[PDB]
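S.K.: This is the structure I want to talk about, given as structure tokens.
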Amino acid sequence: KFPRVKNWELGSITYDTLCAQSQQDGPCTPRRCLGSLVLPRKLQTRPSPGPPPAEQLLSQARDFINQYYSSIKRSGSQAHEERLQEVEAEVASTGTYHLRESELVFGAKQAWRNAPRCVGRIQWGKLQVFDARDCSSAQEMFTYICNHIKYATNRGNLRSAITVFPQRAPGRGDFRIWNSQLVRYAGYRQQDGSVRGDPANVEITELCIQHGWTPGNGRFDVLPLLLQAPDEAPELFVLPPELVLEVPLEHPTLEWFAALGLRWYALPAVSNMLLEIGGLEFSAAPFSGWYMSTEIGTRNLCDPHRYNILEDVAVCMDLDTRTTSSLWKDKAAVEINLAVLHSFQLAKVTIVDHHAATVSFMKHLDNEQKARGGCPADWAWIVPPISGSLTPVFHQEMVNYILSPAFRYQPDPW
Amino acid sequence: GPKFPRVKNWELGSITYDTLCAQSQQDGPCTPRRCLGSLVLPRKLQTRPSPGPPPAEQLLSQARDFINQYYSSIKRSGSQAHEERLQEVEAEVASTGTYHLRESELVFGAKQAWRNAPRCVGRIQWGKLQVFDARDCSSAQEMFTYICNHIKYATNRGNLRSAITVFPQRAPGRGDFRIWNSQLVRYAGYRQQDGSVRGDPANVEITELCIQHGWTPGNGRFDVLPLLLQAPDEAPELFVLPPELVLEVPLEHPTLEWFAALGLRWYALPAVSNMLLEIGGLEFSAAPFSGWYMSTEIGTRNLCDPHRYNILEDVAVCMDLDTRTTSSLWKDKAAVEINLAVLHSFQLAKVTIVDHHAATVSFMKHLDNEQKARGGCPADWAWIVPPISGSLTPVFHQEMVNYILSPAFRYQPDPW
Ligand code: HEM
Ligand code: HEM
Ligand SMILES: O=[N+]([O-])c1cccc2c(Br)n[nH]c12
Ligand SMILES: O=[N+]([O-])c1cccc2c(Br)n[nH]c12
Ligand SMILES: O=[N+]([O-])c1cccc2c(Br)n[nH]c12
Ligand SMILES: O=[N+]([O-])c1cccc2c(Br)n[nH]c12
Ligand SMILES: [Zn+2]
């Protein structure tokens, strides 16, 4: 049952015993592996048609409290058995329960620590948790968010942070942030099917316009937020320009690069995922850290269904775009990633390259093997989009499983 | 909707369902509890030498599945020729404990094994494979004659042709036909006194086995190894490939003049020879197959892997790059130029080669051809996406379902 895990660069071997703690099922079976699938339908977080079984919830709850008390080394103590009873009496009576701030802080950190697709988990212990459970309006969500952004950005010296809004309650709508990230660029479906801006944001941009936003016409127009309080229509909120930090891209040696007019924001804040802690679900819990240069230079700027600048850059570099064997694509992508690192470093904004990032992840995997006897990792996401085998994680076998607390995907609110 | 794995292509936003996986009769390493898809050698396709024949009934079920597959491919499923063949296989297994394949059946199974290989990006060529029947072979000496013939035909002076040579199957109460080498062409790995390794670090053991068996070792970085061929119940015999049969390509860069001075080179023919070909339950322990190289395999893996030649730093220093800081992306720049050299050099020498962009584009075409043909295609994402410029190829944006279908090429324990 326990996986023999091997690193092919070093020849070392380890056994993942942490996978035995996984209580949630993934999409794979012995007949076929679906590890490469981006999204689920089974691992998804289905709405509350009513309160989920008290036994099931109480089981996840007790396990979390147990995890919390081990965390502070006061396991088995009186403080522990009293807390387990509080949780049980509360579920038995109301069908749900509530967490203490310190449990929520522990839970939030464990959620990040448990995320298999995150290559930045070495930073898991340093996370600023903002308790925004004292929120009752879209207006209040906005204030909290602005404060999250101000703190997280920190003049360019980024700090990891998460804001937790009210949990889901049975028989009531969810608190939701309609945007996938707090900061994203608009995607305008310009007449001929083409899209000015980020093609991945066509739908959300249309929804913003539908809710009163007067749109722009640039390639990098920061989008407004659609915040939604329970059973209420989403409200539109324009983020103050002084709050959104952006880095204009330029190349260290290629003078003409800057003329491309490219730029990217400093803060990567995912705001569409569900945070699950002890059976409870927080539908609104935006989190942020800092960028790995490849997400910007490779994925966001070079993906075919995204900005797709690969060719424009290759033409400017005067590369042989006629044939694939000239490797014009590979050369252009490397220069774009270098431009991102140069630009962010020049602007004094936090950034980390894929080589440094994966090296740190290897250290993290080692820390975790010692600490918990394994570490859930999703190979396809941990290995960077360019230069895969050039990094240490490529040659490292990994085991992927679901551990709780956990960040999960959830249905779009519309 | 449909009760099958839903697969999405994120670049195009298109959806497909894999119904072919339903026909998988063999389990992989994953369970709903955890995914072990990233593991290289899972104990699944692994075939530990069964002392005797397969259970008459287990072999029988596998045999029946293959015969059905065969008749279905020639469009005679349910016919008298089909039912007669099924009876003939059962009768043969009932009296002898095993059975034998008709020539066309062997050709079909061999092509299907390639078609079914999850990790092969070059499967769009599956239909055009030359199958050499070597089931008459009876000595290590003859295995060598057959291999040299394969190498000659397959190499074809630089205009490579896919081919597989099938030696006699595993037999009850009779040793196996084995090729000790991992590939027909491999460079030697010499363990230095100082601990280092000259040549290919990956080939240290086979090199030492060659020496233990009479090989007089050289001491270069690119010394082609001799073959250790093994016939039934005999010790392996050493056979040196005549130099003129092993085509090699001196590597040079199209603009960086100094690259040629590095003295780097690579052989033109990739021929895997340590895998077991399984068809209808019959095992062909010796069945070397070859095709042609995808540039990344040479320039990125073979030449740049830290546990292989590891030439990244040397090329970086030559390009005068900052190898003291990761942010200079010195590794990336060098690897790109190393891959361009492999492509430029093979094209210059008139030897078949395919860049990772052209290969993945063609695999996308293969995926479409197989959706319509079989209703899905077993693919191992981690092995299909190139070791460099991953998201720049169309396969990165294509979800994939991985499973084991038979006939198949499986891993098997080293003979020693
Ligand atoms: C410290 C800096 C960080 C870096 C450099 C980093 C980098 C990455 C990268 C490259 C990915 C893979 C691509 C993707 O899924 O979009 C990822 C995924 C992820 N990270 Fe991190 N991360 C960081 C901080 C954080 C923080 C603060 C959290 C949560 C508290 C977090 C949670 C996750 C999760 C849940 C995913 C998966 C998202 C999905 O499934 O789409 N990360 N991270
Ligand atoms: C025609 C050109 C071909 C190309 C460009 C090609 C390319 C590749 C590549 C890149 C791999 C991935 C690396 C690896 O797994 O070792 C691979 C794997 C494989 N190919 Fe192909 N291939 C070709 C021909 C063939 C042929 C002719 C056969 C068999 C008849 C074959 C059988 C396989 C198998 C079984 C593997 C898996 C090896 C493993 O388990 O590691 N391939 N191929
Ligand atoms: O840097 N990244 O590539 C990246 C991807 C996805 C999420 C995050 C967060 Br939250 N910080 N950085 C991230
Ligand atoms: O070493 N690994 O752990 C590993 C995982 C997944 C794919 C590959 C390839 Br292709 N080489 N090594 C790999
Ligand atoms: O080109 N390749 O990278 C490659 C890898 C593994 C096996 C083969 C064969 Br057989 N032809 N090409 C191959
Ligand atoms: O699109 N995909 O099929 C797919 C599979 C596995 C990983 C990724 C990433 Br990271 N982006 N797209 C992916
Ligand atoms: Zn799997």
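Ordering of the structure tokens sets the chain letters (A, B, ...); residue numbers start at 1 within each chain; ligands are numbered from 1 in the order shown.
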Pull the closest atom pair for each residue of chain A that gets at most 7 Å from ligand 4, along with the distance in Å to one decimal, counting only C-alpha atoms and all ligand atoms, ordering rows by chain and then ascending residue number, as a Markdown table.
M.R.:
```
| residue | atom | partner | partner_atom_place_in_ligand_line | distance |
| --- | --- | --- | --- | --- |
| A:6 | CA | ligand 4 | 3 (O) | 6.8 |
| A:7 | CA | ligand 4 | 1 (O) | 6.2 |
| A:8 | CA | ligand 4 | 1 (O) | 5.1 |
| A:394 | CA | ligand 4 | 4 (C) | 5.6 |
| A:395 | CA | ligand 4 | 1 (O) | 3.5 |
| A:396 | CA | ligand 4 | 3 (O) | 3.9 |
| A:397 | CA | ligand 4 | 3 (O) | 3.5 |
| A:398 | CA | ligand 4 | 3 (O) | 6.8 |
```
S.K.: Please return, as number ranges by chain, all residues of chain A lying within 7 Å of chain B when only C-alpha atoms are considered.
M.R.: A: 9, 19, 22, 25-37, 303-305, 324-327, 330-331, 334, 338, 341, 353, 355-356, 379-380, 385-390, 397-401
S.K.: Neighbouring residues of ligand 1 are defined here as those with any atom at most 9 Å from a ligand atom, counting only C-alpha atoms and all ligand atoms; list them as a tab-separated table (two decimals) with C-alpha atoms, in the first residue's frame.
M.R.:
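Full text of selection_37.tsv as output:
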```
chain	number	residue	atom	x	y	z
A	38	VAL	CA	-7.14	20.00	-14.43
A	39	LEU	CA	-10.63	20.06	-12.88
A	108	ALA	CA	-5.43	28.07	6.74
A	109	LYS	CA	-1.71	27.22	6.94
A	110	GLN	CA	-2.37	23.47	6.76
A	111	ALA	CA	-4.55	24.10	3.71
A	112	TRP	CA	-1.64	25.67	1.83
A	113	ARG	CA	0.79	23.05	3.16
A	114	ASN	CA	-1.51	20.35	1.81
A	115	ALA	CA	-1.92	21.87	-1.71
A	116	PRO	CA	-0.29	19.31	-4.12
A	117	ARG	CA	-0.03	21.75	-7.03
A	118	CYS	CA	1.80	24.51	-5.13
A	119	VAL	CA	5.56	24.69	-5.69
A	120	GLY	CA	5.86	27.47	-3.12
A	121	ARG	CA	4.96	25.49	-0.01
A	122	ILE	CA	8.32	26.07	1.63
A	123	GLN	CA	6.81	29.40	2.67
A	124	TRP	CA	3.78	27.65	4.23
A	126	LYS	CA	4.66	32.32	7.07
A	127	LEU	CA	1.07	33.24	6.21
A	128	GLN	CA	-0.78	36.33	7.49
A	159	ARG	CA	3.94	39.10	1.94
A	160	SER	CA	1.71	36.01	1.80
A	161	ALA	CA	-1.82	36.62	3.09
A	162	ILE	CA	-5.32	35.14	3.16
A	268	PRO	CA	-1.14	36.81	-7.62
A	269	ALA	CA	-4.31	36.50	-5.52
A	270	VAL	CA	-6.54	33.50	-6.21
A	273	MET	CA	-11.38	28.62	-4.52
A	275	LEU	CA	-11.18	26.62	1.77
A	286	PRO	CA	-8.80	34.92	-1.34
A	287	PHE	CA	-5.12	34.13	-0.84
A	288	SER	CA	-1.95	35.55	-2.32
A	289	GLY	CA	1.81	35.13	-2.32
A	290	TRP	CA	4.24	36.13	-5.05
A	291	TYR	CA	4.88	35.11	-8.64
A	292	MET	CA	7.19	32.50	-10.04
A	293	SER	CA	8.51	34.14	-13.22
A	294	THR	CA	7.33	31.27	-15.45
A	295	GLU	CA	3.64	31.84	-14.66
A	351	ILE	CA	9.65	37.43	-7.84
A	352	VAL	CA	11.19	33.96	-7.91
A	353	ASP	CA	12.53	32.01	-10.89
A	354	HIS	CA	11.69	28.37	-11.59
A	357	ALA	CA	11.63	27.80	-6.72
A	381	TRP	CA	2.04	21.25	-11.79
A	382	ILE	CA	5.26	21.18	-9.73
A	383	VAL	CA	7.48	20.89	-12.84
A	384	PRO	CA	7.67	24.35	-14.53
A	406	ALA	CA	-7.69	21.85	1.70
A	407	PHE	CA	-8.25	24.44	-1.03
A	408	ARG	CA	-10.75	23.02	-3.48
A	409	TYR	CA	-12.42	24.10	-6.69
```
S.K.: I'd like the interatomic distance between CA of residue 318 (chain B) and CA of residue 253 (chain A), to a tenth of an Å.
M.R.: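 Taking CA of residue 318 (chain B) as the start and CA of residue 253 (chain A) as the end point, the length is 19.0 Å.
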S.K.: Which protein, DNA or RNA residues have an atom within 10 Å of ligand 5, counting only C-alpha atoms and all ligand atoms, as a CSV table (one decimal) with C-alpha atoms, in the first residue's frame?
M.R.:
```csv
chain,number,residue,atom,x,y,z
B,114,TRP,CA,3.5,0.3,-30.3
B,119,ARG,CA,4.7,7.0,-23.3
B,120,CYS,CA,5.4,7.1,-27.0
B,121,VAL,CA,4.9,10.5,-28.7
B,122,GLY,CA,5.8,9.1,-32.1
B,123,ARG,CA,2.7,6.9,-32.4
B,160,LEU,CA,15.6,5.8,-40.9
B,161,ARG,CA,12.8,3.2,-41.0
B,162,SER,CA,10.9,1.9,-38.0
B,163,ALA,CA,11.4,-1.8,-37.3
B,164,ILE,CA,11.2,-4.6,-34.7
B,183,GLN,CA,19.6,-0.3,-26.5
B,268,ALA,CA,21.5,8.0,-35.2
B,269,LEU,CA,19.5,4.9,-34.2
B,270,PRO,CA,17.4,4.6,-31.0
B,271,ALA,CA,16.6,0.9,-30.6
B,272,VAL,CA,15.2,-0.3,-27.3
B,273,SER,CA,16.2,-3.9,-26.7
B,288,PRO,CA,14.3,-5.1,-30.2
B,289,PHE,CA,12.5,-2.2,-31.8
B,290,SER,CA,13.7,1.1,-33.3
B,291,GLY,CA,12.4,4.2,-34.9
B,292,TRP,CA,14.1,7.6,-35.0
B,293,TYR,CA,15.0,10.4,-32.5
B,294,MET,CA,13.1,13.4,-31.2
B,295,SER,CA,15.8,16.0,-30.7
B,296,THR,CA,14.9,16.7,-27.1
B,297,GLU,CA,15.8,13.1,-26.1
B,298,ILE,CA,19.4,13.7,-27.2
B,301,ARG,CA,17.8,14.3,-21.6
B,302,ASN,CA,20.9,12.4,-22.8
B,353,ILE,CA,15.3,13.7,-36.7
B,354,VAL,CA,12.1,15.4,-35.4
B,355,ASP,CA,12.0,18.5,-33.2
B,356,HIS,CA,9.6,18.5,-30.2
B,359,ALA,CA,6.5,15.7,-32.9
B,383,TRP,CA,6.2,11.4,-20.8
B,386,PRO,CA,8.8,17.5,-23.9
```
S.K.: A:315, A:229, A:238, A:158: which is nearest ligand 3, counting only C-alpha atoms and all ligand atoms?
M.R.: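 Among the listed residues, A:158 lies closest to ligand 3.
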